[PDB]
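Structural overview
Below, each chain spelled out in residue letters.
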Amino acid sequence: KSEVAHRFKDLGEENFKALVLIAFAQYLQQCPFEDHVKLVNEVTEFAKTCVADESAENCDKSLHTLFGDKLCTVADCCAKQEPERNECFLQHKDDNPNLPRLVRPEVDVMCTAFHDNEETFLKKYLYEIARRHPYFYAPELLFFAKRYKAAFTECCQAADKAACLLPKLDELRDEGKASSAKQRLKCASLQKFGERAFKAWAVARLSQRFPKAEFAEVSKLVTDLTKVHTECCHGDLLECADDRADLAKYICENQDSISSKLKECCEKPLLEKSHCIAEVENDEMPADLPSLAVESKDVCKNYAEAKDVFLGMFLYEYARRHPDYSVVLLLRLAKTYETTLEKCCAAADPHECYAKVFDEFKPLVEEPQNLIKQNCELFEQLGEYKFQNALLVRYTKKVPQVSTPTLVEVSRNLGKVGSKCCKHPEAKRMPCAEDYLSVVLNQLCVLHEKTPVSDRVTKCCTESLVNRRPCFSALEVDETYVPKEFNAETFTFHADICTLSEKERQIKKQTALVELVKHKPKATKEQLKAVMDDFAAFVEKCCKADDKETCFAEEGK
Ligand SMILES: CCc1oc2ccccc2c1C(=O)c1cc(Br)c(O)c(Br)c1
Ligand SMILES: CCc1oc2ccccc2c1C(=O)c1cc(Br)c(O)c(Br)c1
Ligand SMILES: CCc1oc2ccccc2c1C(=O)c1cc(Br)c(O)c(Br)c1
Ligand SMILES: CCc1oc2ccccc2c1C(=O)c1cc(Br)c(O)c(Br)c1
């Protein structure tokens, strides 16, 4: 009947009022905080009326019809019918809304705000986060909200408040921005590549996680797991949160049929039990696993009868025994097995045709393995910071048309891949290094899709997801870009480049590094090292030693 009262009865008042605040923040990202709370409380009071009587007025309307009405009370997005109106909001989700940045006030200032109005301080947290990230995971933001409340609850009455709160707030910023681009990858995989390619992706990853389960259960998982993200990316956060919450009850209703590391996983509350399974470790692979059967006479019979089930079962049986290989590499091996099967089964002697099919995977498996150990030898020999600077010049020349801040954020996330995963043995480098790069590059694709400038990046992102990383590798040197004219205001740093912390000083030095390549791309690697050291030494020597404010505004070159 009334779907509004249905979700309110299953999600609860605390979650219903929180999900609506996130949905409105993702749609109308420009309106202030006070205007959104007036609509949420109006919907919350509306929801409580339909629960006491399902046969009430306006309760039978869909969730998209009611949300669009309350949102249109304040740029030509409520046009034509409802399916086009709600789709207008999804097309205007600005990946970077050019909003004022968030500053971190003092610790004693935040605890006085948390102790004054504890509900507003938590409500303003979900509003400011969801408005910057329109594609943020709705039920996972509630998990961060619970810890954001517990962080201020414990360490605002402690002795040294900054000794605990800031470490908890610094660790919470990293998980949030990592989950911002991780979920953004799943939304772009559904909107741009449809449900067919996204479903095959989840089968490869879940089979590596849960090899002890059967394909019939993984199919029930992936089908139910895909329906959740299709709702969260479309803005159906009320639906998205419910299905994920009841899925964790289904996964843990029978743990032996799914995995084995789910005992202490589901010993936690509902919000915490849904987070443990999302990043759980891979189950132990069942030993004495067979090889193939690609040798029977019914290979073409099972494929012609069901092409999706046979290819889906092959990817499952291949991923359950290969945890050391990523999903992008296995999907590449899956697309090769399909191509080698369309041409062999259409002949007269297919068995002799697809006989040596697994030998064709050798060049595709050794291609990423010989590219990870090569790039990490320079990461463990130059440092994480200099690794990003070497990757800055490596990417500023391959695509100089891209903006200045975009090349810095993408390289800093690329440099964080070596320091976070390439310290692991030779059994976990290939999975993470390709899964982490698929998130950083996708973050560079959605940030470039707003205002595109470079054409080599557009076709690189518009290509297949499995061939997205190989395209970005050797994207030419772009020996045809005219460098911008010499700008002086971009290189001159004011006297306020010293009151910032040590972290912000590195982002400014990297911002000026890509700005130097845009002025002279033909500069050598050593000609930039001396210039970078000179500029850093000038600011370091002028500001650390007291020398007024005109000493940092002279003439460098
Ligand atoms: C007034 C206190 C406060 O309000 C917010 C609203 C949205 C997101 C974070 C915060 C926040 C923080 O404590 C915070 C913590 C870290 Br660490 C940051 O790097 C930034 Br920026 C902000
Ligand atoms: C505890 C504070 C905090 O919680 C988060 C949850 C998810 C994503 C980011 C954050 C975050 C930030 O520090 C933060 C920092 C900057 Br800068 C932003 O522009 C935004 Br927005 C958020
Ligand atoms: C086991 C690791 C894993 O890798 C994926 C890749 C694509 C889509 C889903 C998953 C997935 C999940 O099982 C999963 C389960 C829940 Br519950 C989530 O809230 C999220 Br997020 C992910
Ligand atoms: C950051 C760690 C890392 O992990 C990998 C796994 C496979 C292939 C390359 C890499 C790699 C790189 O250093 C790297 C370097 C350049 Br230059 C690129 O354009 C791209 Br893309 C990636």
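In the PDB archive, X-ray crystallography is given as the structure determination method for this entry, at a resolution of 3.29 Å.

In this section: the overall build of the protein. Summing up its helical and strand segments, the protein has 24 helices and zero strands in all. The C-alpha atoms of the protein give a radius of gyration of 26 Å, which matches the 24 Å a tight globule of 557 residues would have. The C-alpha extent of the protein, read off along each of the three principal axes, is 85 × 65 × 55 Å.

Put simply, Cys77 and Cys88 are joined by a disulfide, and their sulfur atoms are 2.0 Å apart. Because the sign of the S-S torsion sets the handedness, a value of about -120° for the bond joining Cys77 and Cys88 places this disulfide among the left-handed ones. Here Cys77, found in the loop between α4 (63-71) and α5 (82-91), pairs with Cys88, found in helix α5; they are eleven residues apart in sequence, far enough to count as distant. In this model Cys542 forms its disulfide with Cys551; the gap between the sulfur atoms is 2.0 Å. Among the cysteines around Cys31, which has no disulfide bond, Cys72 carries the closest sulfur, lying 11 Å off.

This part covers the side chain of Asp242. Looking at where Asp242 falls in the secondary structure, it is placed in helix α12 (residues 237-251). Reaching out from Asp242, the side chain makes a polar contact with the side chain of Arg7 at a distance of 3.4 Å. Residue contacts for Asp242: discarding those within four places in its chain leaves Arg7, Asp10 and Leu11.

Turning next to the pattern of salt bridges. For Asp242, the salt bridge identified is with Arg7, shortest N-O distance 3.4 Å. Within this structure, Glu128, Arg131 and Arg132 form a network of salt bridges that share partners.

What follows deals with helix α17 (residues 362-382). The end-to-end C-alpha distance of α17, which contains 21 residues, comes to 32 Å, matching closely the 30 Å that a straight helix rising 1.5 Å per residue would cover. Looking one or two residues beyond α17, the residue adopting positive phi is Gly383, at roughly 90°.

Ring centres of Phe8 and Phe16 lie 5.1 Å apart, and the angle between their planes is 75°; on these two criteria the pair is classed as edge-to-face. Ring centres 3.9 Å apart and planes at 5° place the aromatic pair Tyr125 and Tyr148 in the stacked group. Taken as a pair, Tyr125 in helix α7 (residues 118-132) and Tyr148 in helix α8 (residues 138-154) lie far apart in primary sequence, 23 residues in all. What links up through ring pairs into an aromatic cluster is the set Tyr303, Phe310, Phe314, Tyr318, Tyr337, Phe358 and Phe361. Against the face of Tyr135 rests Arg184, its NZ or CZ located 3.7 Å from the ring centre.

Quick look at the environment of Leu437 now. Along the chain, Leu437 falls in helix α20 (residues 429-450). Each C-alpha atom, one on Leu437 and one on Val417, is 7.5 Å from the other, the two residues being 20 residues apart in sequence. Setting aside residues up to four positions removed in sequence, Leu437 forms contacts with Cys432 and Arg469.

About the thresholds
- Residues numbered from 1 in each chain as written, not as in the entry; some residues may be left out.
- Chains lettered and ligands numbered in written order.
- Heavy atoms only, no water.
- Residues with missing side-chain atoms left out of burial classes, pairs and counts.
- Helix = DSSP H or I, 4+ residues; strand = E, 2+ residues; numbered from the N terminus.
- Rg over C-alpha atoms; globule rule 2.2 N^0.38 Å.
- Disulfide = S-S within 2.5 Å.
- Polar contact = N/O pair within 3.5 Å; in protein donor to acceptor, adjacent residues only side chain to side chain.
- Contact = heavy atoms within 4.5 Å.
- Salt bridge = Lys/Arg side-chain N within 4 Å of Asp/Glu carboxyl O.
- Expected span 1.5 Å × (residues − 1).
- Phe/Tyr/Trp six-rings, centres within 6.5 Å; stacked < 30°, edge-to-face > 60°.
- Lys NZ or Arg CZ within 6 Å of the ring centre and 35° of its normal.

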